[PDB]
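Peer 1: Heads up: the protein sequence lines correspond to chains Ai, Ab, Al and An, in order. Following the deposited numbering, the numbering of the first sequence begins with 3 at its first residue and continues without gaps. Following the deposited numbering, the numbering of the second sequence begins with 98 at its first residue and continues without gaps. Following the deposited numbering, the numbering of the third sequence begins with 1 at its first residue and continues without gaps. Following the deposited numbering, the numbering of the fourth sequence begins with 110 at its first residue and continues without gaps. The beta-carbon is built from N, C-alpha and C at its ideal position, and this holds for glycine as well.
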Amino acid sequence: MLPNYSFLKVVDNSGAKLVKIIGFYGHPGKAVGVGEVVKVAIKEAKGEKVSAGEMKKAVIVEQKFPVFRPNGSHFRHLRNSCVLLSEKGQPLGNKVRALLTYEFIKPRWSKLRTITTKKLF
Amino acid sequence: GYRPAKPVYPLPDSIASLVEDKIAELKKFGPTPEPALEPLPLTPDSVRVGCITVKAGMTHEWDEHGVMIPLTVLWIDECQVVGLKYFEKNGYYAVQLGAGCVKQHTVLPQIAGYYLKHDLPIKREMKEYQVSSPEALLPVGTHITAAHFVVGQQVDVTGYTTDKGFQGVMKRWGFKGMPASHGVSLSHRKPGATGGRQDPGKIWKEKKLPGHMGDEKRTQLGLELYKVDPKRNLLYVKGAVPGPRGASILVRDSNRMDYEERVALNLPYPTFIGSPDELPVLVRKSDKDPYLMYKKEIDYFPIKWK
Amino acid sequence: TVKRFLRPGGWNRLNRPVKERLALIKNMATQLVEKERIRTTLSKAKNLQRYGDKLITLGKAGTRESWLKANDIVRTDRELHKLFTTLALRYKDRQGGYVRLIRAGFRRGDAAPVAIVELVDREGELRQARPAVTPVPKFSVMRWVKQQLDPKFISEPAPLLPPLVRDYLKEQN
Amino acid sequence: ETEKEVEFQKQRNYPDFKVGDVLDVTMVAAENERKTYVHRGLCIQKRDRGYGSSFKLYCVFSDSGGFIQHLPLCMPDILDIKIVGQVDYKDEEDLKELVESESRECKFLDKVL
RNA sequence: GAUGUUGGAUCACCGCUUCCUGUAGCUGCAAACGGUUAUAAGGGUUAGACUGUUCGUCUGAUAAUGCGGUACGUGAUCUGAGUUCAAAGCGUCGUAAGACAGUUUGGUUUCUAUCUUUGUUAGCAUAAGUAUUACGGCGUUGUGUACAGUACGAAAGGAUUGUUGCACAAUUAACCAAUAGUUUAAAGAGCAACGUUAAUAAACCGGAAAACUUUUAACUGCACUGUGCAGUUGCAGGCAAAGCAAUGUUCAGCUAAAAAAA
RNA sequence: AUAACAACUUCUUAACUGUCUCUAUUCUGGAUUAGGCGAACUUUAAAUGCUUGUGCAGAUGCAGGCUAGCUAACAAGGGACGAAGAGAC
RNA sequence: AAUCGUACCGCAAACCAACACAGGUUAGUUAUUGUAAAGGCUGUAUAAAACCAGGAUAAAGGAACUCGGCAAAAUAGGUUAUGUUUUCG
Ligand SMILES: [K+]
Ligand SMILES: [K+]
Ligand SMILES: [K+]
Ligand SMILES: [K+]
Ligand SMILES: [K+]
Ligand SMILES: [K+]
Ligand SMILES: [Mg+2]
Ligand SMILES: [Mg+2]
Ligand SMILES: [Mg+2]
Ligand SMILES: [Mg+2]
Ligand SMILES: [Mg+2]
Ligand SMILES: [Mg+2]
Ligand SMILES: [Mg+2]
Ligand SMILES: [Mg+2]
Ligand SMILES: [Mg+2]
Ligand SMILES: [Mg+2]
Ligand SMILES: [Mg+2]
Ligand SMILES: [Mg+2]
Ligand SMILES: [Mg+2]
Ligand SMILES: [Mg+2]
Ligand SMILES: [Mg+2]
Ligand SMILES: [Mg+2]
Ligand SMILES: [Mg+2]
Ligand SMILES: [Mg+2]
Ligand SMILES: [Mg+2]
């Protein structure tokens with residue numbers, strides 16, 4: 003449950019460190035969570051691939067708000083993080099230091115499921 | 098209330114006898130019909146009777162797929178046919194059902210008189226259900242039990258909601274209010290404007306204002322019947338039911354279901370004939386996969402790549 | 001019966017803050033033990049009846065832990081000594097209901113309701129209370145029912161020292 | 110409620126664990142074609158409320174940080190629970206400080222199976 | 001012998017000269033995307049940077065971000081940034097007192113509701129219950145995706161149709177088993193949404209009343225400013241080894257009971 | 001031009017937060033219920049509905065179309081060109 | 001060695017404010033490490049509306065509020081190697 007204009011930490015190796023949400027896509031409501039794609043602005047980057055002041059797409063991977071499952075259980079993280087994506091829908095890096103959850107078992111996240119180190123499933 | 102009574106006058110002697118003869122002729126009725134309890138075919142336009150139940154509370158269970166299901170428990174103490182209506186006397190056909198039990202010295206003589214006259218217990222609540230044909234009438238005294246319903250169907254529930262007292266616009270109608278700071282003065286939770294100026298010059302009817310909230314009749318449609326316990330007269334329904342514990346709830350076959358669905362269920366008609374004691378506890382089976390979205394793309398995704 | 005509210009414990013607010021509320025009820029409870037009959041307003045009487053019953057329960061306990069709790073409630077040493085010695089023996093067999101409340105109309109000035117709170121077994125009692133242990137007829141359905149449900153039903157008052165304690169003392173001496 | 114609790118006890122037999130114990134929990138992931146995994150973590154909260162009982166499991170990873178799960182105790186997805194160790198704490202305030210500051214909670218780095 | 005100014009906050013009723021969601025023709029209409037005319041006002045009409053603003057420029061999304069009337073709606077409901085008192089500075093004009101119709105900083109926002117209008121509730125007035133029909137209120141929403149790379153088309157591009165299927169959003173109606181927040185004379189309490197369930201309709205809700213039925217024509221009360229679906233083996237008090245508004249129970253209060261024998 | 005100084009006006013950074021997305025629960029006092037005590041603004045006369053038309057040109061009171069149990073309590077503030085001060089412009 | 005003051009109130013219900021008025025009113029003395037000797041004073045009867053005032057707590061986000069960070073919150077305190085500006089303090 004992240005409202006618009008929230009700050010996120012980048013967990014890929016593309017070079018970006020800090021981003022801010024500036025928009026949503028479709029009709030998600032007043033807040034977004036894990037598995038949704040948003041529009042972000044880069045605030046702090048140290049690299050050649052990306053620079054501060056650019057606008058990119060990203061996917062939410064971790065959040066501190068409870069994530070509910072059909073069986074009645076839920077889990078929480080201790081940080082909010084995202085992964086930058088290209089216009090074709092592929093990550094801008096090749097190594098993700100994050101814990102992948104059940105949301106990414108879906109077919110559309112095959113690339114993320116390959117470059118991630120630790121997986122909960 | 099009622100309007101003041103209208104004046105009455107004696108009839109002239111040349112007309113009084115004629116009026117009385119005609120009024121008596123219209124008020125003369127034939128013998129009461131005697132319904133017979135027998136299975137009947139179900140037709141495209143044929144409504145069944147409902148039942149009167151008591152709300153017990155909420156619980157939860159896990160289904161065959163391991164999913165948590167919230168449930169509301171309804172208890173049917175004793176529901177019986179306590180009267181009939183027919184065209185000759187009332188102009189339409191209906192069945193009257195009563196439920197509950199009260200002591201004789203706690204009700205008015207008018208209420209107790211009807212039940213004593215037919216050798217029936219004094220019942221706390223009474224409600225009417227309209228039928229389509231005279232053959233749909235049930236004999237007086239027939240019991241309506243939990244076996245009246247088929248597990249897995251959809252039902253409608255009606256009742257009175259929980260009383261909340263005198264409440265403001267923010268809680269009663271969800272008004273936004275006014276800012277907590279920036280110079281606001283004693284108007285944080287007030288409704289604000291209620292009209293304009295000289296035109297139109299008045300406040301419209303049903304304008305939303307503070308008042309009492311919480312004791313009103315509400316209906317929920319399309320709830321699922323999860324489990325049935327004919328022996329103990331229990332119904333387990335998924336979802337929320339209006340009213341607090343002990344509220345009186347009316348249960349009916351949902352109008353959202355089509356004729357084909359009713360035929361497939363093979364609902365009892367006019368009602369279940371037999372002894373419900375020797376019946377097992379049944380749970381509905383759902384031929385659906387709640388985890389299909391993890392194998393196939395069926396979910397909502399607004400972005401088109403490339 | 002005494003109404004139950006939504007605050008912690010379900011007690012009355014007595015139109016006072018919690019700190020002043022506790023100071024008042026402790027003082028009145030001390031006076032009830034000393035005099036055994038008090039006339040006051042209905043709200044203070046209802047709260048005192050329920051609070052008074054729980055203070056007698058501590059006295060019946062006769063333990064070090066119970067005395068510590070009671071020592072923070074009673075205001076006078078003489079009243080605390082009476083509670084553990086005299087009232088403890090008086091209500092050995094009575095299971096609850098050690099205090100009664102009877103309404104007595106309205107006052108003169110502010111027309112407030114009033115009532116009388118009293119102990120239920122003593123000389124000077126307003127009425128005669130039922131025996132602490134109810135006698136059971138020898139040929140009644142009640143006697144058979146109690147045997148089937150509670151074989152340890154008590155039908156007559158028990159002595160201060162039960163036979164097991166008496167037998168031990170006799171064997172020792 | 111008691112009727113359902115009796116049936117559950119006939120099907121499963123779990124130990125009487127407390128807060129502060131390290132547990133190994135075997136669970137089935139319905140999302141991943143009902144595959145079995147084993148999780149190890151610390152028990153930080155336990156609620157005894159009959160059929161609605163639940164507990165919280167805490168663990169820390171090498172780089173991703175802390176991770177918390179809330180698990181109903183009577184959920185059929187859970188297959189087994191075992192006690193493997195104990196972590197000392199002084200009071201709730203001390204336990205909360207430990208959770209916020211991830212350290213010395215990396216029993217197993219990943220999930221088994 | 002006084003009809004409170006601009007813009008906004010809050011909450012509204014109406015018109016159609018229709019921005020989107022509809023229906024039917026024409027086209028310089030292959031498909032897709034369009035153009036134009038007739039008809040249609042049920043629902044919807046976005047979050048931010050600059051500016052006191054209306055307006056205007058721009059950014060990310062959106063099915064789309066329409067116009068107008070209502071004292072250019074709305075201060076006995078709120079706001080006071082601009083404008084429009086007394087202080088002061090600068091520029092220009094006047095010998096001066098001073099002026100600006102230029103600019104800059106600062107500068108008090110009252111009212112206990114008698115009548116009418118409106119939301120709720122009680123008492124009184126023709127006994128109570130069930131109540132067809134009539135009357136009044138409410139308004140049946142939107143996006144993506146699958147059926148299909150199929151019809152059409154050289155290629156590229158790329159559909160129509162549905163009482164369609166599925167997922168989601170807003171609105172409305174409730175709900176408290178679970179999850180999150182909240183009270184120390186504490187808690188498996190109560191109330192709550194950040195949580196759960198349901199709806200896309202001749203469905204749903206309100207009051208009067210024909211007829212019918214019953215009665216010796218009915219009429220307070222459980223501490224009662226939460227609820228009584230609790231009226232005498234009745235009870236949210238007390239007491240117990242008990243899940244603590246539940247189970248058990250000999251005590252408290254309201255309201256004490258019986259012919260003998262055969 | 002200028003170091004220091006400023007409850008002066010302007011813009012920015014760090015942190016913080018119910019200012020806000022979006023509110024919820026709760027304590028104390030008032031309101032609200034009961035007994036006692038006991039004011040004030042105001043008042044031509046009143047038994048004081050809606051709508052369109054009319055008119056010293058924006059009608060509770062005039063004309064047409066409608067409106068039928070009775071008196072109040074608690075609550076809101078559209079109208080009575082509402083009250084206060086013989087308009088300051 | 002005569003003469004005048006000596007009662008009572010005096011941070012206040014007795015003095016100045018039309019009042020038993022949340023305002024105004026001079027000097028001298030007293031207990032107290034984290035506390036505090038003497039002395040002095042004291043509130044009609046209840047509670048589980050809306051709304052208003054003064055407090056407390058709050059998931060995820062953290063100025064997106066607004067004319068304006070108004071109000072509220074916030075490790076706020078001390079010692080520093082080095083650097084900058086000075087009218088050299
Ligand atoms: K209306
Ligand atoms: K329910
Ligand atoms: K006790
Ligand atoms: K249109
Ligand atoms: K200054
Ligand atoms: K008014
Ligand atoms: Mg608000
Ligand atoms: Mg003011
Ligand atoms: Mg305020
Ligand atoms: Mg038109
Ligand atoms: Mg307008
Ligand atoms: Mg205007
Ligand atoms: Mg106004
Ligand atoms: Mg001047
Ligand atoms: Mg000058
Ligand atoms: Mg000059
Ligand atoms: Mg100032
Ligand atoms: Mg509840
Ligand atoms: Mg009790
Ligand atoms: Mg009061
Ligand atoms: Mg007119
Ligand atoms: Mg008129
Ligand atoms: Mg004049
Ligand atoms: Mg917070
Ligand atoms: Mg802003």
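With DSSP as the reference, label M165/Ab as helix, strand or coil.
Peer 2: It is a strand residue.
Peer 1: Within the same chain, show all residues whose beta-carbon is closer than 7 Å to that of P327/Ab, passing over the 5 residues directly before and after it, in chain order.
Peer 2: Closer than 7 Å at Cβ, skipping near neighbours: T242, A243, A244, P373 and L376.
Peer 1: Tell me, please, whether the CB atom of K58/Ai is closer than 7 Å to any CB atom in chain Ab?
Peer 2: Not an interface residue.
Peer 1: Does any CB atom of chain An fall closer than 7 Å to the CB of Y388/Ab?
Peer 2: Yes, contact with chain An.
Peer 1: How big is the Cα-Cα spacing for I346/Ab and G147/Ab?
Peer 2: Rounded to the nearest angstrom, the two C-alpha atoms are 10 Å apart.
Peer 1: At 7 Å on the CB atoms, spell out the chain Ai contacts of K220/An, in chain order.
Peer 2: The contacting residues are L122.
Peer 1: Since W301/Ab is in the beta strand (DSSP E), which residue starts that stretch and which ends it?
Peer 2: It is not in any beta strand (DSSP E) - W301/Ab carries neither H nor E in the DSSP assignment.
Peer 1: Taking Cβ-Cβ distances shorter than 7 Å, what residues in chain An pair up with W159/Ab?
Peer 2: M184 and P185, listed in chain order.
Peer 1: How do the segment 27-37 of chain Al and the segment 79-88 of chain Al stand: do at least 3 beta-carbon pairs fall below 8 Å, yes or no?
Peer 2: Yes, they touch.
Peer 1: Please report how far the alpha carbon of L306/Ab lies from the alpha carbon of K273/Ab, in whole angstroms.
Peer 2: Those two C-alpha atoms are separated by around 13 Å.
Peer 1: Measuring CA to CA, which of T116/Ai, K11/Ai, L80/Ai and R110/Ai is closest to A47/Ai?
Peer 2: Among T116/Ai, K11/Ai, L80/Ai and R110/Ai, the Cα nearest to that of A47/Ai belongs to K11/Ai.
Peer 1: Mind checking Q207/Ab: buried by the 16 CB within 10 Å criterion, or exposed?
Peer 2: Flag for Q207/Ab reads exposed.
Peer 1: Measure the beta-carbon distance from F170/An to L101/Ai and round it to whole angstroms, keeping in mind my assumption that it falls under 8 Å.
Peer 2: Between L101/Ai and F170/An the Cβ distance is about 6 Å, and since that is below 8 Å, they are a contact.
Peer 1: Span of the alpha helix (DSSP H) holding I25/Al?
Peer 2: Taken as a continuous stretch (DSSP letters only), the alpha helix (DSSP H) holding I25/Al covers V18 to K35.
Peer 1: Taking the alpha helix (DSSP H) that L204/An falls in, what are its first and last residues?
Peer 2: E201 to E209 is the span of the alpha helix (DSSP H), which, as asked, contains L204/An.
Peer 1: Is the CB-CB distance between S351/Ab and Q251/Ab below 7 Å?
Peer 2: Closer than 7 Å, so yes.
Peer 1: Between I400/Ab and chain Ai, is there a C-beta pair that is closer than 7 Å?
Peer 2: Output row for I400/Ab: interface = yes.
Peer 1: With H, G and I counted as helix, E and B as strand and the rest as coil, what does DSSP make of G105/Al?
Peer 2: In the structure shown, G105/Al sits in a strand (DSSP, three-state: E or B).
Peer 1: Going by other Cβ atoms of all chains shown within 10 Å of its Cβ, with 16 needed for buried, is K144/An buried or exposed?
Peer 2: That one is exposed.
Peer 1: Which runs of the alpha helix (DSSP H) fall wholly inside the segment 110-190 of chain An and span at least 4 residues, in chain order?
Peer 2: Runs of the alpha helix (DSSP H) inside the segment 110-190 of chain An: 111-120.
Peer 1: Out of curiosity, what's the CA-to-CA distance linking residue 131/Ai and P68/Ai?
Peer 2: Residue 131/Ai lies beyond the range of chain Ai shown here (3 to 123); nothing can be said about it.
Peer 1: State buried or exposed for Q172/Al, treating a residue as buried only when at least 16 other CB atoms are found within 10 Å of its CB.
Peer 2: Exposed is the call here.
Peer 1: Any chance you could list the beta strand (DSSP E) runs of at least 3 consecutive residues sitting entirely within the segment 56-121 of chain Al, in chain order?
Peer 2: DSSP runs (the beta strand (DSSP E)) wholly in the segment 56-121 of chain Al: 99-106 and 113-119.
Peer 1: Do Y146/An and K220/An come within 7 Å of each other at the CB atom, strictly closer than that value?
Peer 2: For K220/An and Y146/An, yes; Cβs fall inside 7 Å.
Peer 1: Identify every run of the beta strand (DSSP E) within the segment 16-64 of chain Ai, keeping only runs that are complete inside it and at least 3 residues long; order them along the chain.
Peer 2: Segments of the beta strand (DSSP E) lying fully in the segment 16-64 of chain Ai: 18-25, 39-47 and 57-64.
Peer 1: Check the C-beta distance from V99/Al over to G52/Al and give it rounded, since I have them as a contact under 8 Å.
Peer 2: The Cβ separation is near 5 Å, so the contact holds.
Peer 1: Below 7 Å CB to CB, which residues in the same chain sit around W172/Ab once its five sequence neighbours on both sides are set aside?
Peer 2: So the list reads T150, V151, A153, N330 and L331, once near-sequence residues are dropped.
Peer 1: Tell me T150/Ab's beta-bridge partners as DSSP assigns them.
Peer 2: Per DSSP, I346/Ab.
Peer 1: Please compile the residues from chain An whose C-beta is within a distance smaller than 7 Å of the C-beta of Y391/Ab.
Peer 2: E140, listed in chain order.
Peer 1: What first and last residue would you give for the alpha helix (DSSP H) that runs through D167/Al?
Peer 2: Element bounds for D167/Al: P163 to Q172.
Peer 1: Find the nearest neighbour of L205/Ab within the set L194/Ab, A191/Ab, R221/Ab and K401/Ab, judged by alpha-carbon distance.
Peer 2: Answer by Cα proximity: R221/Ab.
Peer 1: Checking 7 Å against the spacing of the C-beta atoms, do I107/Ai and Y391/Ab come in under that value?
Peer 2: It is a contact, given that the beta carbons lie within the stated cut-off.
Peer 1: Cutting at 6 Å between CB atoms, please list the residues of its own chain near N96/Ai, excluding the five before and the five after it.
Peer 2: Closer than 6 Å at Cβ, skipping near neighbours: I117.
Peer 1: Heavy atom of ligand 7 less than 6 Å from the Cβ of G289/Ab, yes or no?
Peer 2: Not so, every heavy atom of ligand 7 lies at least 6 Å from the Cβ.
Peer 1: Am I right that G197/Ab and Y257/Ab are in contact with their C-beta atoms under 8 Å? What's the rounded C-beta distance?
Peer 2: No, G197/Ab and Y257/Ab are not in contact; Cβ-Cβ is about 15 Å, not under 8 Å.
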